[PDB]
Every structure is written in structure tokens, then in C-alpha cells.
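K.L.:
Sequence first, structure after; it's an experimental one.
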Amino acid sequence: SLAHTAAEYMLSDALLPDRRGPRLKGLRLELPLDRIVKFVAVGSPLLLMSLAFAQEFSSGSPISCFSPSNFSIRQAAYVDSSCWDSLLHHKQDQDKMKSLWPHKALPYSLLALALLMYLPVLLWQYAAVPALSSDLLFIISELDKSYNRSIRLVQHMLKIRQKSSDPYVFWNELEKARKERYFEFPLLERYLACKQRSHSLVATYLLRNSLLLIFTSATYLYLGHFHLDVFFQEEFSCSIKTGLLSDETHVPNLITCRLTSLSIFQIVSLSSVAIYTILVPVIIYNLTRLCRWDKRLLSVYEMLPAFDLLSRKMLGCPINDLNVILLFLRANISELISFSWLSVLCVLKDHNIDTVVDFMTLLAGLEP
Amino acid sequence: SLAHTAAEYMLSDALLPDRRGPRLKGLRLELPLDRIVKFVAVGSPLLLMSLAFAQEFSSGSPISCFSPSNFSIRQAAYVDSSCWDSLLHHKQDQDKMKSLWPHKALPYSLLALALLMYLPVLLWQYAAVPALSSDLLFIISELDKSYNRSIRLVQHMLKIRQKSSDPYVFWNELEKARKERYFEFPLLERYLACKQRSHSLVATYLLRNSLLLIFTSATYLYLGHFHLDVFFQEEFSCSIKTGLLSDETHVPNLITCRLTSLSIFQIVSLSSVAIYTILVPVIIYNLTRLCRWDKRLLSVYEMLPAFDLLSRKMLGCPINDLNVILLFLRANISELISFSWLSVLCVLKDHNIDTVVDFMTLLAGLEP
Amino acid sequence: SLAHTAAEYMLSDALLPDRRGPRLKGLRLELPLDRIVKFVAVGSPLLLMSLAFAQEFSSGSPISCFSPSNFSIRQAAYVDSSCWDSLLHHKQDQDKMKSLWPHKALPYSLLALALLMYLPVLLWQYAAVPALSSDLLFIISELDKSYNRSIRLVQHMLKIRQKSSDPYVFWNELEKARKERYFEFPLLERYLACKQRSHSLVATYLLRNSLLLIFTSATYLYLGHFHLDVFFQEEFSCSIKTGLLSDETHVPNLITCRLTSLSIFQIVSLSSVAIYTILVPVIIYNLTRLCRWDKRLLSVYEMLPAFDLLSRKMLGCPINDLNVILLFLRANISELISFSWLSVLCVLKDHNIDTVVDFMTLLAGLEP
Amino acid sequence: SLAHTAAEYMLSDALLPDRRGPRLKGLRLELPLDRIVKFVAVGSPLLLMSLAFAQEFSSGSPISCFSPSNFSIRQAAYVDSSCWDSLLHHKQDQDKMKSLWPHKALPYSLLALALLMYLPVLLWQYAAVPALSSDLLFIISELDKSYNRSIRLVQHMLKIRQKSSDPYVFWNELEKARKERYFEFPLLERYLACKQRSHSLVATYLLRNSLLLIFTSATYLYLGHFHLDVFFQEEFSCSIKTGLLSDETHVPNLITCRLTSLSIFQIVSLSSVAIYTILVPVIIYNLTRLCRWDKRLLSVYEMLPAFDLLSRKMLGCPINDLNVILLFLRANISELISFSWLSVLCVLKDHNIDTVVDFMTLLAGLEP
Amino acid sequence: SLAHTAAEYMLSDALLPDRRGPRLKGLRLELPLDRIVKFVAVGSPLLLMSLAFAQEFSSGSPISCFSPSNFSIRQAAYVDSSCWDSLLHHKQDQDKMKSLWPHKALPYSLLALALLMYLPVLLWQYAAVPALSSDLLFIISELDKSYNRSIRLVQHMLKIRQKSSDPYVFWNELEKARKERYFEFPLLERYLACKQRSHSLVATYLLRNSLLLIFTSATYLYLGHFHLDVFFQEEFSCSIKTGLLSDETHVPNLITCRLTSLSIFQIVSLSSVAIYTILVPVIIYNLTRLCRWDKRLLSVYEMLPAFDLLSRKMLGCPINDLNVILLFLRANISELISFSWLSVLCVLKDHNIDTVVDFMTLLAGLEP
């Protein structure tokens, strides 16, 4: 089956024979909702195509004809196969030969839709995967040095607070650590600043979502212009004496042809509208997820030294590559190492009380 | 077969190509009853759909017509394929053209039910799996330090009891250990306290069960409103001269069409009711599991130092995240390490006798 | 084929993707006779279902009709498909319309039997596998310390017997070893003591066997009440003018329908009785196994120190969890380590002669 | 195909998912001729069943009818399907309605034979595999200590023979080694002695062979009583007016049915006789292989110290467990270690010459 | 299916059984656009061939005939199979017997196109893969020595700049490093010098793209010369009395043959034009990609010592092997090692400011 092949040729990963290395293992280069949107918008036309060719209808004939009794078996087969390629309602109302080509082109239309909804995926894989992968690996590598540099080399501050009045050292001493050379990363503040003035991944994300939106609008136009007209039309009077049979003696207007699979066509025309009006607001939500700043976890991120640079860069127009990279990082911060200490600081959600709260919690997070 | 694909596309794990690491190995993120409920409520519509399309009926025709002898083979095939898309019992009792569309839509209805019962599963995997996995890994990591800190570093209490009168040291000495710095964990009492006031996973669990309950109720409404009416209706008098055939000379009311697969429809309509009235009280039991506090094993848990914090937090309204995490932990406490010492203390189920019972058992549980 | 899927979905292990660890490798949680009983009672209905749908009959029609010559091909197909859903022998003896629904429901009855015989298996896997696995692993771990503690640390008794008169030391010295602290396990005598008074797995085993017994009795009732009546009935006079065809001119009583696959039905009705009469006494023997105490190997077990506790606990009512534990242990005692020394002591089957017999055999069993 | 499944469900190993350990790797628990006998007696009925259902006959009809020209297609199909379930030659010679049920039951008979010939295999796997495996592993483990104890620790005898007159030391010195403590195994002479008086595996072997012999005799009786009568009977005059058709006007005795696949039945009835006449004397040879003692290699086995115990036990009634165990050992003695030195001593096949022959050969077999 | 085999025989890698070593792992010997162009230009004819042979049309007959009623079934089958091999419109307009062979040859034409579009791929694999692989491995092997030789052995320049006035040492000291023996590679300037004057791979790339361009032009000529004429021609009057049937009495001019799958032919003739009009400008872009020099990243490459040689050789005619090797290198520069430091220097995109910018960034890129 064609859908069987398209199941793995598309709708999944088509890079390398896998089991290669850290190129894809441990790295999530697609958001979960983006993945589910691609899955639904790619497999649903394929699923409908399979249902058209499924066991629900054991092949048979997609069209039938009421040929007169004088016709033999072969003549009737010819007259019912000559209407499946000359679909023209020769109505008596001049001679408006309305066509019914969408019924024949429905599997081809579904294949075209399936191939069209894979264009945003290919664009994402070819124009954003390498750069975003490099940026994410870079950021992860630079931020994994924020545990052996925020507590282990900052635990002498414990030795100085415990000697003197600890509440006083909690506020009058931290400026020495803040002015230390090793305390802050000397290149993150430049990497992020360089990425702020660049618009390379925001355009790619916006194009990837807008392609799906525009293709959904085109699908609506297709199903509202070509369908919805031949939707309750079940009998069309075709004609075979429109050529070399004109000089014959048999039914000129072979009235009352019938489309056997009209119900399947009607079901598909509604299932390709409902399952896309489901996705219409989801794409808009994905678009708005980039245009809105996030400050819900800034309180704990600002306390950490390395993430202070990310927290400070919170101002300006929302559309920067920093936004996309941060959206991807927050979905990938907890790979194997940050999955053990960053999740600790969720109790701080209510700087007077925050000054003393780390009197026991911060040192209690020691690995041994 | 579509069911063959849906067997692995759904009804199983669809995350990663597996063999990745400790993300899923050794971690049970679904309760066994939840797993069996999902299996039964997802595969049963798929199984019934497969049975409708199985070898039990070698395809054939799902509808038959008593066309007159004047009709040829092609005319009869047309007149029996024009009733499978115009199912309308033109009764003589005005002209109540009762429809029989559920017979046609039954495979589509079963597919819709199968896709609808997978919505709670997807909601669970997308909204609770990461947070609950992080919480369970955190709790397991913090509780695995309760064996090299409850007996190995507490075996000096053995040295102090054996020198003096052991029964006296059994009650006047434990306060020194209870007030020790290392005896109690300094962050568990805050992690659990923070999780008390957060309602995040309790809402997800309630929603996941309520979605299945509401969908079962919707299935009951569907099978009681559309079915149960066309249930003993086997012959419906269709009509084909309702259009371009009106100006013809043949049977106007082609009486006595017949639904060949009515028995299949009747069997499905009862099997989709029985196997869901089976699941109706199980979902309620799953819901009541969370709403009821558990104290059957508090006696041994309170004795252990780390689990004393869990045992003390036993008061309040039942709906907290701690109950969900505890229900998941008690099904996952015995992974590889607690499977050797926690199962020992089942003899204590009847603090005078309990004061002396550990005179030999506690030290006898040594690993060497 | 449905049987092809049910071969692996049921009738085998459905836990984990395997190759995980020591959870199942080296551990036998099902008795061999229980395994073969499940195999036969689960696959036999599936095998009969496959044989009904096998190549032995190339599909065809499960019913045939002697329609008059006036009927066309389509009319005869309709009149032979309108009786596979209206099986009613309209006998002339008032008007006892005896039904022949078991012929239609036989594949569904076989599927119901296959799913019903899997209920005891699911009950065993969900209600007794974890607890029994924990108990067996615990007991094996505690008994593997009975080789480096029964000869290696007891070989100084060789040094004390060889210096003095060895026959005298064979009887006057063993009391010092029997009163030693390390000679006896200090927690086995309590674990087994707690396990005798607990009835948890004995009830599960009784229920698992009784479910199969009750389901076999229900199968006998089903095949004796619904079958055995339509067993030699091959021709039943149907009726098609029982509806909208009443106002027609054709055979009212379309006599002599015929069930083409009656021989298959008769073969199944006897094969599902014989192969369950085979299993009836086997289940009874499985129940008897637990109800009778075993003392055939007590002579050698009592000599060993660790197994002396098991040997002493031989009195009381037979139904205890310890009985099931011992039954599962004796089928799993020889995993990899006891497979080399416990099998040695089979010569002792006839305490005067037994006092001396270990003069050479016991020390000769040394590992080097 | 059913034969496709039975190819791996039977006729092979059905224990564990394999790749487990030394339970089956390197251990041969079935004799090669026993394996070939099981293969031939199990797959041959399966092969004949497949041939009956193979492409050699493209399905078609196993029975044909000479219905009169008045009959239509459906009437003829009914009358040729009503004789395949009412096989009764209504001969005119009173009214001896000879039945031809073996033609219908031949695939079922072949399946019954295939399942019956697998009973001895299951009996062997369930009643003797564990005990024989334990015994063989025990014997191999104890005999692998016969190389570092027969030459390496006996090479000081070389030092004493070379100093004095070597021919004299070849006969007056060996008694000191024969009386040494470490020279002889102190438990093999008791293990074999205990096994001599136990008849456990000999009965199992005799039962396994006798079951196949009795089942072959039953097959002969089946093919000589039910077959060989309907063997040249190709046309039988059936009757359909033996019921509700009695009050009709058509051929009362529908003469001359025909069994289309009679030649297949004739070929099977001879191929299931010849292929078992082939196996009749092989089973008897397997039975006699245990009843006859073996002394062809005693000369070299007696020279070796460990095998001297096996060689000495050369008297008594043949039926003992050591006969079976030695038959299995001689087929498994050369696993990986005895495959290098035991095969050396084949030149000694003609104790005067044997006294000196080891002057160079015995020491030349050194591993370095 | 033939397309199923051609899916893996072509359209993928056909060298070695894979899992061999570093011959293909980590090396990208095809550009992504070249890969996608090959995929589309190879699978699209195969996909159209599959669609012509797919379930969209359940085989049937590719031609139909209006044979007179006197014809039987066999005569009509002969007269409709004698025209699928004698497609000749015997028009009455002298006797222009126009042929319709493209309808018969369309699957063969698609197979020929699929095999023709694979010729450039085979040419690339056989004439450029070994040499280009050797060159790329050589180049990466030589440039991997540009990290432990540009900062680690140049960090003494830090020691000399920090002692004196750092801005002065930034411009008056670098000439000593530039004249050092180890600073510059002594063979890269000769390898590249030899490679500029050699035109070996540029000719191969030009031929590979020009073959696809010429084959697309040939496809256009084929579909514009043979097709587009029999495009709206559905009925052609055949003739069967053109042989030994001339002396017969039946329809001489058997009018109105009909091509049942004409719509499939029309769809293919347009899908093989549009899908290649899509590829026409892409091939031209691939050709121009080498004809244009690249200087967008020269600023950072010139700063690095090893890449200074590549940056300097920027002059001359665009067609050299060096351009091909550079185009392949920039698609493979970030394999596993340059993926961590080369991506750092993207901030430099605006030598006064550049003199000081490395005051902190260059040393901050240290591996520890």
C-alpha cells in the first residue's frame, strides 16, 4: 500500500541510518505540540486516503450505470467505464455539462495535501536544524559549567558567613563575589548580545507556521469551491454518443449514472474540515507562544549566576532568536544533569524573606 | 489492515526508538489498572472493527436487493449499490423516510471511539509524564540515602545500648539521635510541604479519569439514541426512481432491501455496551483510590527516619499532589534496592512490644 | 488473521520489551503443569477458531439455499443471505420457530472462551506475581548463605573430630555448633513464622484454579444446553415472506436451507468437550498438590542447617502461604548454585548409619 | 497457514527466549537419531497436510456433482455442498448406506497424528530433561578433574621410572599410586552405585520409544480399518430427498457424485504407511541400543583413573540409569575439553605390549 | 511490486553491507540539495509508476470495446485484447492509421526515465566519490591541527602582551609569530597550489548536473512530441479484419475502442512536467553555486592561521577543484570538533576595532 510506504518515508525522521551518536540522541529539536501538529496534519490526509482504499469497501466499482437490458456484460462494463472518464452531467436545463472531477481526483488531492503539509517540515529540517542544533549544544555546554562554579567554588562564602553574623554577610559581601573574574561567564553576555541583533530563526519559525496556516486556508478554499457543489449530486445523466458512436442505435443520453462512493467522499470532505478547524487555533497559539515574553521563573533564574544574564535580557521587541532558543532550551534544559538540581528551586514563588531562605536549602543540594 | 497499524501506532509507547537510557527503563509511569483500562477501552473498538472486517464474513455485500427477474446482473448491482448510499425506509405509513445511516457509519463510529479513548492517554503523556517523572526520580534519589543513614550510621546506638541496660537505652537515648543534624533530611520536609499546597497532578489525574467516564457516557448516549431503533429492522423498502429515473418503467418502490450484516451490527452494539459497563465501576474505583487516605503500613514507615516525614503528613483534605506521588511511589518503591530490606518489616502488624522487637531483627538485616 | 495476533497478544508474556534484567531471567514464576494447562486451555479455542477459518474450507458460503429455477443469481444470493441472519426452522408441527443461532455464534463463542480462560492468567499476573517474586527472591537470597556457613565455617568440626575418636565426636560435640550464634539464621524462623499465619497466595492459587474449573463447567453447560439440540439438524425450512415480501408471488416457505459447515460445527462441539475432559482431572490434581504435605526429602533437608527450619515447620493445616512458597521453591531451588551440591545428597534414602555416612561424603563436596 | 505456525510451535525447542546461558548451549539432551525420528514422525503428517492444502491443487472443490441440466448454478452448488456433509453411498444392493467420512476427516486425522507423535517429545521434555541435565552436568564436572589429576600430578611417576629400570617401574610401583588418597575420586564410586539401584530414566526412555511404537501401530490400524475400503471408490450415489425435499419433483437418487481429490487421499494413505514402515525398525534399534552393553572402548577407559570406575561397573542386568547416562555421555563427552586428549588413545585396540606402549605417548600429550 | 524493490535497489546507498567503519560514518559526500534533487527526480517517476499500478484502480482492463451483442464473452475479450496490441485509429479522413503507443509504453517510459535519472548518481559514485573522499579526509586531517597550534602554542603571546602595553603588542609582535616555522603549515600551501591548477572534480560536478538538465530537456521533448497529441483522444476506431479474419462476416470497423485509464495518462503527463519544471531552476542554482566566489566569512577565516591560506587563494577563474572541495568542506567542517570553537566567531561581522576585540574572547574559548 502507498500509505504503508508513506508512513515511514514521511511522518518520521529520514536522516542517517540512526544509532550514530549524539547528533539526535538526547537532543529534542522539535517542540511536542509542533510534533503533534505535524503528525495530525500529515497522517490525517494519508489516513483518509487509506480509508478510501481500505477494506471498508472491497474495491468493486466506484461508479455504476443503469444500462438497458439489451446491453451485454462487456457493453455494460464499457458504458460504466466510459462514464468514469467522461464525468459530465448533460442536464436538460444551454446544455450545462457540469463536471464531477473532484470525485475522481480526491485520492490525488489527498496525496497533494499530504505532500504539501510536509513542506514546512522539510523547510524546518533543511534551514533550521543545523544552526539551532549548534546553538543549543553551545548553550548547554556553556551552562553545564554553572554547577561546579555556583556552589562548589562559592562555598567559601559559607565559611565567611558562618564566622561572622550570617544575616549581615547575606547582604554585605556578595558584591565581592559579583565583581570576581570567574563568577560571571566572559562570553555568554556577548553571545546572547550578538544573537539579539540577529533575526534568522524567528523568520524560519514564523515561515514554518505560516506555511501550515496558508495551506490550511488553501484547503478550505479547495473544499469550498470545488466541493460543496457536487455534494448532494448522486445521479448524473452521461452520454456515450458524443463521438464515433453518434451513428448508432442505442440510448443517446444514458441517463442515471451513479457514484457508488459518494458517502466516502462526503465523509472525507467533512473530516478534512473538522480535523483542520481543530488545528487552526493551535497554529495561532504556537505563533503567540513566541510573541509573548515569559517571566514566571525569573525569580529563581536570577539567583543563579549563569542564568542571571538570561534573566537580565528581558527587554525589547519580542522577536529575537533568543526567544526561539529559550523556548527550545526550556523544553531541553532537563536532559541528564539539570534534571537533579534545577527542579529543586520551586518553593521560591512568593528580597527580605528570600535573603534568608537559602540558609539551609542551597548547601543541602550538594551532590554527595 | 488498518487495525494492524493502529495496534502499534496506538495502544503502546510512541516515545523515542527505545533503548535510550533510564528515561523509561526501571520507571513505571502508569498504574497497572490504568494500563489495563486503557488497553481494554482502546483495543476493544479496534477489535470489534477488525471483527467487522475479519474472515468471519468473506467480504461479500453488506446489503442485498430483491430486484425483479427482468433486471440483468449490472442493473441489479446498480440497484443494490444505490441502496447502500440512499438508506431510506420509504414506509407506507406522511412518508416517514427513516434513515439507517448507523449501519454505514459503524466502522467510522468505532474508529472515532478508538481515537476518542486515546485522548486521555495523550493528555497524560503530554501534561503529567515529565513533571511526575521528575518528582518520582527526585523522591527515589532522596530516599535511597535512607539505608546508609538509618542503620549503618545508627549502629553506634547498638554500641551504647549493649554497654548499659538495653531495655533502658531503648527508650532513653533515642532523643539524642532524633535531634542529630544528619538524622533527618533537611529538604524533604520542605519539598513535601511545597507539594502539599500545589494542585497540579491531582487535576491531571481527575481530568484523565473524567474524560474516560464522559466518553463512556457519550458512547451510551450514542448507542441509545441512534441504535436501539434500527436494531430489529432488517427489510427496508428503498426507491430508485427519486430522480432521473422518475420517467422510467420499472419497480417504483424497490421493496425489500436487506442488511446482510445486521447480526454483526447487533453483536457490536451489545459488545460495546457490556465491555464498557465492565469499565464504568473500575474508573470510579480508580477515582476513589486518590480520594481515600492510606494508613495500613504507617506503623513500619514511621519507624524509619526518612519515611517518618511521609507518615506525619497524613492530615488534611485528600486532594493533594502528595497522594498522587505516593500512589505512584508505592507502585514503584521496589525497583532494585528497596526490594531487599523494606519487604522485611511485615511481621510488625499488631509501643511496648514494639520497643523490644528490634532487639535482633534490625541488626540482622545487614547487607553482608 | 485474528488468531495470528492473539498468538502473541495472549498465550505468552506481555510484560516489558524484555532483555531488561533479573526480573524474569532465571526466575520461574509459573509451574510447568500450570503453563501447559494455560497453553492448552487458551490456544485450543483459538486453534479451533483458526480451523473454522482455515484453508480446509476455502471460504465459500456457510449456508446454501434450494431456490427455485425462476430465481436469478442475485435473487438466490439474497435469499441465501437472508437466512444466515434469520435462522428459524419454521416447522409444520404451534409454529415452533426453533432458532439455530449457535452456528452463527460459534466463532464468537470460541473467542469468548479464549478470553475467559485468560482471566485466571491475568489474575495470577496482577495479584500474585509481584508478592511471590519478592518472596522467592528473598528466600533464595537468604538460602544462598547456607553453603559458606554449613561446611566452610563448620570444617573446624572436622579438626575436632579427627583429633579425638571420630565416632564419639559425631554425637557429642554437635550441640556446641547447634547453640552457636552464627549457626542458625536469626530472621528465617520469624519470616516463615509470619508467613504461615498469612493466607494471601493460597487464596490466589485456589481462585486461579477454581476459575478454570468453573469456566470449564460453564463450557459444559453451554455445549449441553445450546448445542446437542441443533446437532443433527441439517435442513431447516426458512421463510422470507415474513415482512414486506408478504404481498408477493413466490415460494412462501422457501424450504430446505442447508448449513454447509455443519461437520465443522460437530467436530468443534466434540473437540471442545474432549480436550476439556482431559483438563478436568489435571486441575483437580493441581489443587491436590497444595493440599498434601511433602516429606519425601525431609531426611537430607533436616541435616542441612538452613533447611532445618523449613523441615521442622511440617505440622498444621496444609493451607498456608508457606506451602505455595515451598512448591514454587522446589521448582526453582536449582537455578545456578544449588544445582551443584544439593543434588549430591540423594544416596541417603534408607540415626545410626546416618551418623557415620558423612565420614567422607560431606567434606568431599568441596568446591575446589 | 496452520503448518507454517506448527513448524515453530512444534518440531523445535519451546523453552525460554534462548540466549540465556549454559542451560542449552553446549549441552546435547537428545540423541541425533532420536532427533531425526521426532523430525520425521512429526513433520511428515504436517507435510502431507500442507501438500493436501498446497498449490498442487488450487483449492477448487473436493467434491463434484452431475446435477441435471434443469439445475441452476446455485442449485448445483447446493447439491454439491449437501453431499460433502452427507457422504453416504446409497447403493442399490438392505440399503447399505456406506459412509465415506475418512475423506472429510483426513486433514483432521493428520493433525491428530501430528499432535499424538508430539506426546512422547513432551513427556521427554517434562519428565527427564531436568534430571538428566543435572546428572550429565554433574558427571562432566566431576570428570573434568581427570586431566590435572591423571598426568600432571602423576608425572612424578615419570621421575621414579626414569631413575630406575623403567620396564621394572612400569609394573612394580603403580600399586602405590593406586592406593593413594587423591588418585581415585571418593564420591563417584558412590554416585554410580546409588544410580545403579535406581530405575528412573530407563523407564522414561522405554516409555518414550514405546509411545511412538504404539502410536505407529494405531496408525496402521487406522489406515487398515477405515481406509483400504474407500480406496478405489470414486463415485457414490448420494440422495438429497432424505428430508424436507421428499415432497419435491427432482432426481431422488442424485447418482454419481465424485471425490475430486481421491488421488491425494490415495497418495497420503500410502505415504503415511511407507514413512512409518521406515521408522518401525529404527525405534526397535533405539530400544536395543539400551539393552545391549558396550565394551568396545573399555581398554583405553580402564587405563584412565576416573574412567576406571565406569569400566569396572560392567556387570549386571542391562537396564539401569547408568546405561542411559553413559549413552548420553558418549554422545556428549567431547564438548570442548575432552575433544583434545581423549581422541588421542585410539591406537590401542589390539598387558605385555600395553605395559610399554605409554613409554612416549602418555607424556607427549602435554598441553604446552 | 517492482517499485518496492527499486525503492532500496536505487534511491539509497548501495555500497557495502554498512556498519563497516569511517568510510561513510561522519562523512557527507553529497550536498543536501543534490540529495533532495536526486530523491525527487528518481522517486517521482517511480511514484507515478506505482500510482498507475496502485489500488486507486483495481487492475481491471486498460481498454474497453463496444463489441456487438452477437459476440460472446470470449469473442469480446479477444476483440478487446486484440486492440491493446494494435492501437491504430483507422480514421475515415488517406487512411491515416494514427498510433496510440504512448499509452502502452507509459510504464516502460517511466521506468526508462527512472533509470536515466540514476545515471548521474552512478557517475558521481564511480568517478568522484573516492577522490573527493580522499581529498576531504586529507583536508580535515590537516585542519584538525589548527586548534592545538593557534591558541595553545600561541598563548605565550598572551604572556608577552600582558607584561608590556597590550595595545602595542597587539600590532608590534605578531610578525615574529608570522615568521615562525611551526606557525604555518609547510604542505597545505603546496597541496592547494596543486589543486587549483587541476580540473578533475569540477568537470565531474558540471557533467553530473548537465546530465540531469539534458535528461529533463529530453523528457520535455518526449512529452511534447509523442504526448500532447493523444491527450484528448478517447475513442479510436480499431480494425480486426486486417488478417485472416478478412474473409468473415462481422463488424469490419469495430468502432469506439476506449482507453479506460486515459485520465491516469493525462495526470501523469502533467505531473511529470510540473515536478521537473520545479527542478529546472534548482539545477541551475546548483550550477551557479560553484561559479560564484564566497567571501562572507573571510574575515574570521583570515584571522585563523591555517584558514589564512584558504582565504588568500581567493583570486582567479571561478572553475577550480578547490571551489568544489571548499563547497564540500563548508558542508562538512562541523563534524565533531570544529562544532565547538569555529561557531564562536560570528560576532565579528562589521583592523582597528578588530585589533582589540580579541582581548578577552580568544583566550576565553579554552577547552577546560
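P.N.:
Arrived safely. Numbers count the residues shown, from 1 in each chain, chains lettered A, B, ... in the order given.
K.L.:
drop to CA atoms for contacts and neighbour counts, all remaining ones
P.N.:
Noted.
K.L.:
Now do the strands in the stretch 151-300 of chain A.
P.N.:
A:235-236, A:257-259 (DSSP state E, counting those that start in this stretch).
K.L.:
a markdown table please, covering those strands and showing mean neighbour count.
P.N.:
Below are the strands of the stretch 151-300 of chain A laid out as a markdown table (neighbours: other Cα atoms under 10 Å in any protein chain shown):
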| stretch | mean neighbour count |
| --- | --- |
| strand A:235-236 | 22 |
| strand A:257-259 | 25 |
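K.L.:
Turn those into a markdown table, columns for distance to residue D:273.
P.N.:
Listed next are those as a markdown table, based on distance: least, Cα to Cα, whole Å:
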| stretch | distance to residue D:273 |
| --- | --- |
| strand A:235-236 | 66 |
| strand A:257-259 | 60 |
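K.L.:
which residue sits farthest out from the middle of chain A?
P.N.:
Here the centre of chain A is the reference, and by Cα atoms, centre = their mean the most remote residue is residue A:249, at 59.8 Å.
K.L.:
ok, now how distant is that one from chain B?
P.N.:
Distance, residue A:249 to chain B, using Cα to the nearest Cα, to the nearest Å: 19 Å.
K.L.:
mind checking which of the strands of the stretch 151-300 of chain A is nearest chain E?
P.N.:
strand A:257-259 (15.2 Å; Cα to the nearest Cα).
K.L.:
quick one: contacts of that closest one?
P.N.:
The contact list for strand A:257-259 (Cα atoms under 8 Å, 6 or more residues apart in numbering or on different chains) reads A:62-66, A:83, A:234-238, B:78, B:82.
K.L.:
show me the contacts for residue A:269.
P.N.:
A:223, A:227.
K.L.:
That one and residue A:105, how far apart?
P.N.:
For residue A:269, the distance to residue A:105 equals 13 Å [Cα to Cα, to the nearest Å].
K.L.:
do residue A:203 as well
P.N.:
The value you get for residue A:203 to residue A:105, if Cα to Cα is used, is 35 Å.
K.L.:
measure stretch A:54-68 end to end?
P.N.:
End-to-end distance of stretch A:54-68: 32 Å, with Cα to Cα as the criterion.
K.L.:
Next one: it, is it in contact with chain E?
P.N.:
Yes - judged by Cα under 8 Å from any Cα of the partner chain, stretch A:54-68 comes into contact with chain E through A:59-60.
K.L.:
May I see the contacts of strand A:257-259 arranged in JSON lines, with distance to chain C as well?
P.N.:
Below are the contacts of strand A:257-259 laid out as JSON lines (distance: Cα to the nearest Cα, whole Å):
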{"residue": "A:62", "distance to chain C": "20"}
{"residue": "A:63", "distance to chain C": "19"}
{"residue": "A:64", "distance to chain C": "16"}
{"residue": "A:65", "distance to chain C": "17"}
{"residue": "A:66", "distance to chain C": "16"}
{"residue": "A:83", "distance to chain C": "24"}
{"residue": "A:234", "distance to chain C": "24"}
{"residue": "A:235", "distance to chain C": "23"}
{"residue": "A:236", "distance to chain C": "25"}
{"residue": "A:237", "distance to chain C": "26"}
{"residue": "A:238", "distance to chain C": "26"}
{"residue": "B:78", "distance to chain C": "12"}
{"residue": "B:82", "distance to chain C": "15"}
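K.L.:
mind putting those in CSV, distance to residue C:188 included?
P.N.:
Shown next, in CSV, are those (distance: Cα to Cα, whole Å):
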residue, distance to residue C:188
A:62, 76
A:63, 80
A:64, 82
A:65, 85
A:66, 88
A:83, 87
A:234, 82
A:235, 85
A:236, 88
A:237, 91
A:238, 91
B:78, 81
B:82, 79
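K.L.:
which residues of the stretch 151-300 of chain A fall in helices?
P.N.:
With DSSP state H, counting those that start in this stretch as the criterion, the stretch 151-300 of chain A has helices at A:156-163, A:166-169, A:174-178, A:188-196, A:201-225, A:262-277, A:279-291, A:298-303.
K.L.:
Would you format these as CSV with distance to residue B:74 included?
P.N.:
Shown next, in CSV, are those (distance: least, Cα to Cα, whole Å):
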stretch, distance to residue B:74
helix A:156-163, 94
helix A:166-169, 96
helix A:174-178, 90
helix A:188-196, 71
helix A:201-225, 33
helix A:262-277, 19
helix A:279-291, 44
helix A:298-303, 75
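K.L.:
Next, count neighbours for residue A:117.
P.N.:
21 (other Cα atoms under 10 Å in any protein chain shown).
K.L.:
related to what we said a few turns ago, for residue A:241, see how far away the residue farthest from the centre of chain A is.
P.N.:
For residue A:249, the distance to residue A:241 - Cα to Cα - is 10 Å.
K.L.:
Which element is encountered next along the chain beyond the helix or strand hosting residue A:44?
P.N.:
Assigned by DSSP states H and E, residue A:44 belongs to helix A:32-52. Using DSSP H and E, the helix or strand that directly follows helix A:32-52 along the chain is strand A:63-65.
K.L.:
Contacts for whichever helix or strand comes after that following strand, please.
P.N.:
With elements assigned by DSSP H and E, the helix or strand that comes after strand A:63-65 is helix A:73-81. The contact list for helix A:73-81 (Cα under 8 Å, 6+ apart) reads A:63-65, A:67, A:240, B:74, E:64-67, E:73, E:76, E:258, E:260.
K.L.:
got CSV for those, with distance to residue E:221 too?
P.N.:
What follows is the contacts of helix A:73-81, written out as CSV (distance: Cα to Cα, whole Å):
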residue, distance to residue E:221
A:63, 36
A:64, 39
A:65, 40
A:67, 42
A:240, 34
B:74, 44
E:64, 30
E:65, 32
E:66, 35
E:67, 37
E:73, 41
E:76, 37
E:258, 26
E:260, 26
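K.L.:
Check the residues you listed for burial and list the buried ones.
P.N.:
A:63-65, A:67, A:240, B:74, E:64-67, E:76, E:258, E:260 (16 or more other Cα atoms under 10 Å in any protein chain shown).
K.L.:
okay if I get these as CSV plus distance to residue A:344?
P.N.:
As requested, those are arranged in CSV below (distance: Cα to Cα, whole Å):
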residue, distance to residue A:344
A:63, 66
A:64, 69
A:65, 73
A:67, 78
A:240, 79
B:74, 75
E:64, 76
E:65, 80
E:66, 82
E:67, 85
E:76, 83
E:258, 76
E:260, 70
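K.L.:
Which single one of those is nearest to chain D?
P.N.:
Closest approach to chain D among those (Cα to the nearest Cα): residue B:74, at 17.9 Å.
K.L.:
Residue numbers of the stretch 51-200 of chain A in contact with chain E?
P.N.:
So the stretch 51-200 of chain A meets chain E at A:53, A:59-60, A:70-75, A:77-78, A:81-82, A:85, A:107, A:126, A:134, A:138, A:186-187, A:190-191, A:194 (Cα under 8 Å from any Cα).
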